[PDB]
């Protein structure tokens, strides 16, 4: 797949589903993001925004965009990615939260703010190369 990636999730998002992303973080990475998006119209809500950042104290930001407004940011001050390194990024969709697993290590649990069944698309962009995106357990 090529970037930017913005594709429908087959059968929409459901509990039990996993999203498995294999990529390589850019040698020159500042940020990238993975968005679980409600539709493909301009100004679509983002149920879940997953945003690793190397600017400043290395961290990952988690948020929701609803009605044009970013919510209260959640943050984990730990960077499971590495500039120039291949990664395995898994989102396990559970009833209570998205469980994020990076290179086999449980990383974060992001509680649902928008109903997960409203999600139609996965969007991925930023400072990385994409090797594959797979939807499992749909």
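Residue numbers count along the first chain shown, from 1. The term rigid core refers to the maximal set of C-alpha atoms that superpose within 1.5 Å between the two forms.
The higher RMS C-alpha distance to the shown form in 4 other deposited structures of this protein, out of 23-31 and 89-97, belongs to 23-31, with every structure fitted on the core.
Stretches 5-13 and 111-119 differ in mean CA B factor, with 5-13 having the higher one. The question of which stretch, 39-47 or 89-97, has the higher mean Cα B factor is settled in favour of 39-47. Based on the entry's C-alpha B-factors, the most elevated value among 34, 102, 79, 61 belongs to 79. Annotation for residue 67: CA B-factor lies in the middle third of the chain's modelled residues.
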